[PDB]
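An overview of the molecular structure
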Amino acid sequence: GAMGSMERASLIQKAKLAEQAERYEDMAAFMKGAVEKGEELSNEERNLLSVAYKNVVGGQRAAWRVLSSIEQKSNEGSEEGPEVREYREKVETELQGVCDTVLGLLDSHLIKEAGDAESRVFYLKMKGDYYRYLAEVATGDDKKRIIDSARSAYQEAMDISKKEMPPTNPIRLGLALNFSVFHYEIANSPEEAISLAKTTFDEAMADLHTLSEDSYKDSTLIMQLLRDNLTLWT
Amino acid sequence: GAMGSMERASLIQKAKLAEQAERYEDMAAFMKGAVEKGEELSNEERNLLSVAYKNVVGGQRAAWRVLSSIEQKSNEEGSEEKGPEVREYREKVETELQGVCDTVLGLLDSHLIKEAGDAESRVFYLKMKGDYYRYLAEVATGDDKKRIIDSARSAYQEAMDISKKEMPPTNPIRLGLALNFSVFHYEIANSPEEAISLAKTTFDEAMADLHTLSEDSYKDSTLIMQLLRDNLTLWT
Amino acid sequence: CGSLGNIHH
Amino acid sequence: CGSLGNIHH
Ligand SMILES: *Cc1ccc(S(=O)(=O)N2CCNc3ccccc32)cc1
Ligand SMILES: *Cc1ccc(S(=O)(=O)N2CCNc3ccccc32)cc1
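Our subject in this report is the structure included herewith. Residue labels here follow a simple count from 1 along each chain's written sequence instead of the entry's numbering, which may differ, and residues missing coordinates are not shown. Whichever chain is written first becomes A and whichever ligand is written first becomes 1, with later ones labelled in order. Side-chain calculation: all heavy atoms of the structure are included, whereas hydrogens and water are not. Residues with missing side-chain atoms are left out of burial classes, side-chain pairs and their counts.

**With respect to the overall build of chain A**
Numbering of helices and strands runs from the N terminus, with a helix taken as a DSSP run of H or I at least four residues long and a strand as a DSSP run of E at least two residues long. In terms of regular secondary structure, chain A is built from nine helices and zero strands. For chain A, the sequential pattern of α-helices and β-strands runs α-α-α-α-α-α-α-α-α. The globule rule used here is 2.2 Å times the number of residues to the 0.38 power, and the radius of gyration it is set against is calculated over C-alpha atoms. The C-alpha atoms of chain A give 19 Å as radius of gyration, which agrees with the globular expectation for 234 residues (17 Å, within 12%). In terms of overall dimensions, chain A has a C-alpha envelope of 60 × 50 × 35 Å along the principal axes.

**Concerning the packing of aromatic side chains**
The rule is short: rings of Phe, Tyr and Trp, with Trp giving its six-membered ring, pair when the centres are within 6.5 Å, and they are stacked under 30 degrees, edge-to-face over 60, tilted in between. Tallied over the full model, the rule gives 14 aromatic pairs over all chains. Between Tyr-132 of chain B and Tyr-135 of chain B the ring centres are 5.0 Å apart and the planes differ by 80 degrees, which places this aromatic pair in the edge-to-face class. Here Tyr-132 of chain B pairs with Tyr-135 of chain B, and both are found in helix α5 (residues 119-139), just three residues apart, close to one helical turn. Burial status follows relative accessibility: with a 1.4 Å probe on protein chains alone, a residue under 20% of its type maximum counts as buried, one over 50% as exposed, and anything between as partly exposed. The class for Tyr-132 of chain B is buried, based on a relative accessible area of 4%. On the basis of relative accessibility, which here comes to 7%, the residue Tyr-135 of chain B falls in the buried class. Cluster of aromatic residues (ring-pair linked, three or more members): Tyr-154, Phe-179 and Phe-182 of chain A. Should the NZ of a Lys or the CZ of an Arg lie within 6 Å of a ring centre and within 35 degrees of the ring normal, that charge is described as sitting over the ring. Over the ring of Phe-122 of chain A we find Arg-46 of chain A; its NZ or CZ atom is 5.9 Å from the centre of that ring.

**Structural notes on the site of ligand 1**
Here a residue is near a molecule or strand as soon as one of its heavy atoms is found within 4 Å of it. Neighbouring residues of ligand 1: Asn-47, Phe-122, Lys-125, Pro-170, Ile-171 and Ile-222 of chain A together with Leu-4, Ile-7 and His-9 of chain C. Nearby residues around ligand 1 are contributed by chains A and C. Within 3.5 Å is the distance limit for a polar contact, defined as a pair of N or O atoms, with the added protein rule that one can donate a hydrogen and the other accept it, and that residues adjacent in sequence qualify only through two side-chain atoms. One of the side-chain nitrogen or oxygen atoms of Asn-47 of chain A is found 3.1 Å away from an oxygen atom of ligand 1. Relative to its free-state accessible area of 430 Å², ligand 1 is covered by the protein chains to the extent of 85%. Under the grouping applied here, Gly and all other residues not named as nonpolar or charged are polar, the nonpolar ones being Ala, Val, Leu, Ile, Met, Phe, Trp, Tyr, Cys and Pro and the charged ones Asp, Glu, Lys and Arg. Taken together, the residues of the shell around ligand 1 sort by class into six nonpolar, two polar and one charged. Only the protein chains shown count as cover for residues, and all accessible areas are computed by the Shrake-Rupley method using a 1.4 Å probe.

**Quick look at the pattern of salt bridges**
It is possible for side chains bearing opposite charge to pair when their charged atoms get close. Residue and element names in this part refer to chain A. Each salt bridge in this description consists of a side-chain nitrogen of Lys or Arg and a carboxyl oxygen of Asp or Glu lying within 4 Å of one another. Tallied over the entire structure, the rule returns 32 salt bridges over all chains. Here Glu-89 ties to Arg-85 by a salt bridge, and the two come within 3.1 Å at their closest N and O atoms. Here the residue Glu-89 and the residue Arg-85 both occupy positions in helix α4 (residues 83-113), the gap between them amounting to four residues, near one helical turn. Taking relative accessible area as the criterion, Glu-89 reaches 31% and is therefore assigned partly exposed. Judged by its relative accessible area of 36%, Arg-85 falls in the partly exposed class.

**Points about the site of ligand 2**
Taken together, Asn-47, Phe-124, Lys-127, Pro-172, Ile-173, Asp-220, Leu-223 and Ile-224 of chain B together with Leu-4, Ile-7 and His-9 of chain D form the complete shell of residues around ligand 2. The local environment of ligand 2 is shared, drawing residues from chains B and D. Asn-47 of chain B is positioned with one of its side-chain polar atoms (N or O) 3.1 Å from an oxygen atom of ligand 2. Starting from 430 Å² of accessible surface for ligand 2 in isolation, the protein chains cover 83%. Counting only elements with at least two residues in the shell around ligand 2, the list comes to α5, α7 (172-188) and α9 (215-235) of chain B. Of all the elements, α9 of chain B adds the most residues to the shell around ligand 2, at three residues. Considering only residue class, the shell around ligand 2 consists of seven nonpolar, two polar and two charged.

**Considering the interface of chain D and chain B**
When checking whether two residues touch, look at their non-hydrogen atoms; a contact exists if any pair is within 4.5 Å. Between chain D and chain B, the residue contacts involve seven residues of the former and 14 residues of the latter. Within the side of chain D that touches chain B, the residues separate by chemical class into three nonpolar, four polar and no charged.

**A word on the arrangement of the chains**
With three pairs of chains in contact overall, the greatest share of contacts is found between chains A and B. Considering only C-alpha positions, the minimal separation of the non-contacting chain A and chain D is 18 Å. Over all C-alpha pairs, chain C and chain D never come within contact, reaching a minimum spacing of 25 Å.

**A look at the side chain of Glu-71 of chain A**
Relative to the helices and strands, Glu-71 of chain A resides in helix α3 (residues 43-74). Apart from residues lying up to four places away in sequence, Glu-71 of chain A is in contact with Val-84, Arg-85 and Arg-88 of chain A.

**Here we look at the nonpolar core**
Buried residues of nine kinds, namely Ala, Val, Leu, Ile, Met, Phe, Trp, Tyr and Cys, make up a nonpolar core once their side-chain atoms join them within 4.5 Å. One finds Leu-49, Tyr-123 and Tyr-130 of chain A together with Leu-49, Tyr-125 and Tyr-132 of chain B to be the most contacted residues of the largest nonpolar core, which totals 128 residues. In terms of residues, this core owes the most to one element, α4 of chain A, which gives twelve residues.

**Focus: the side chain of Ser-221 of chain B**
All names here are of chain B. Along the chain, the position of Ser-221 falls in helix α9. Judged by its relative accessible area of 1%, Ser-221 falls in the buried class. When residues no more than four places from it in sequence are discounted, the contact partners of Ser-221 are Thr-170, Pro-172, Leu-175, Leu-210 and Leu-213.

**Some thoughts on unusual backbone geometry**
Here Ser-108 of chain A and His-109 of chain A are connected by a cis peptide whose omega angle stands at 15 degrees. Structurally, the position occupied by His-109 of chain A is in helix α4. The omega torsion across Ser-110 of chain B and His-111 of chain B is 15 degrees, close enough to zero to call that bond cis. Mapped onto the elements, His-111 of chain B comes out in helix α4 (residues 85-112). Of note, the phi angle at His-9 of chain C is positive, near 40 degrees, even though the residue is not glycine.

**A few points about the packing of α7 of chain B against α9 of chain B**
Residues and elements named next belong to chain B. Contact geometry of α7 with α9 gives a least axis separation of 9 Å together with a crossing angle of 15 degrees. As far as their axial angle goes, α9 and α7 are roughly parallel. Both α7 and α9 take part in a crossing whose hand is left-handed. Contact residues: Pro-172, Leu-175, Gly-176, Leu-179, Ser-182, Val-183 and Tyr-186 in α7; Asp-220, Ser-221, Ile-224, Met-225, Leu-227, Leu-228, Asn-231 and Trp-235 in α9. Class assignment of the residues belonging to the contact of α7 with α9 gives a composition of ten nonpolar, four polar and one charged. Convention adopted: a line fitted to C-alpha atoms gives each axis, helices being fitted over their contacting stretch, and angles between N-to-C directions are expressed from 0 to 180 degrees. These descriptions rest on fixed angle ranges, namely under 35 degrees for roughly parallel, over 145 for roughly antiparallel, 65 to 115 for roughly perpendicular, and the rest for oblique. Two helices crossing with the near one rotated counterclockwise from the far one by less than a right angle form a left-handed crossing, whereas a clockwise rotation gives a right-handed crossing.

Here's what the structure looks like:
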């Protein structure tokens, strides 16, 4: 791979520079290179990996939704060629390739080497998320299997998080948030979504008293998004 | 090129979809494909080309400026030695920026400018040539840096000469040219007074011609005039 | 609804 | 200072 000749530490440095320059494609390539060095990632490094790919895939998803909406409008008193479909497919294929890339990193070999709850939950959450993005655009024979792949990853993460982390742990909270979004938007289970968000919020609220000011700020930030989703869902 | 098998109309269609999707790299690749079909571009197509590459190069210039600033800071007094990585990364972004500029200049030279006979098209393309040499000049430091600056000045000057002969003082292309040439003078050529003079004369001569315009023409001309004014406010 | 990524840092 | 491309629309 193109980053094989660069030092691990230089790849991390340049990932941070790329972030500052809002060059997220570069950021992701640097972090892929770092992962491929074969060593485990630190907390900070895991966050750089996630931020990079979130930005890349987020641009693609936003593009895909724009194009899908145009395509949906075309197919209805609508005037008729293949360009909209072809272009949506082009963006879809690119999105799928980025998701496959992230899943590949997770499977080779980040998850298997992750023994601490913090790292293992982080990576299983990521696995859920990138299968969820695959599910968002899926319509083939394997679409149910893609959905089940996201559900299984999120469920394993949930099970570890409940046993090993406090209810205010931000990764635990982010996981529950994202699994709730899975239930609402992907799995056609709004009531599961609402229940999970409510229980997560309430159990976190009850644990806030144990936190420092800095930890409290991170936990409440995620709780606010759980609440805002609940407000929208109910 | 990669777009050689796609119909011209399909490339234009997809450039508009890419714009909507904020996929400006794709937009630029589609418009490059469309140019390379060899036909002249319409008004709307010229604008699509310009918007696509402005967005691509704009992100690159923004990144370059961030990285340059970090690099400058690292070379201060008392600054800890952090290795070659900041310079390497700035160089990577610089090289990519230079490649996009070279690509746009190559489309203009092969063969958009030479086939552009109407004032509107010729001025548009020479303004673009000035702008992309100006972007090259922003990052230039070498034996050729004065020649890059002179290349931007020559293109802008030729555009200015045609625009003054052939277009009314409120024409938006004439206005945007004069705006960009004033930025060239202030930022590139170390000529703030030429910048200020040009912006003022442009503004005043546009003001005096607004009475001739429809409401819709007025809106466009005054939008660019406002940016002339705002630059003048800053510069004085 | 928003997911985690939507939250500013 | 702003250049032409910075204007919205
Ligand atoms: C999935 C997840 C959840 C939390 C974090 S974080 O590093 O705790 N953190 C704090 C709150 N929000 C946030 C947004 C983006 C990136 C990191 C955070 C990481 C990952
Ligand atoms: C360089 C230039 C100047 C004007 C134009 S335009 O087509 O008149 N137009 C679209 C681009 N931006 C803009 C701002 C204000 C008024 C009109 C425009 C194109 C290119």
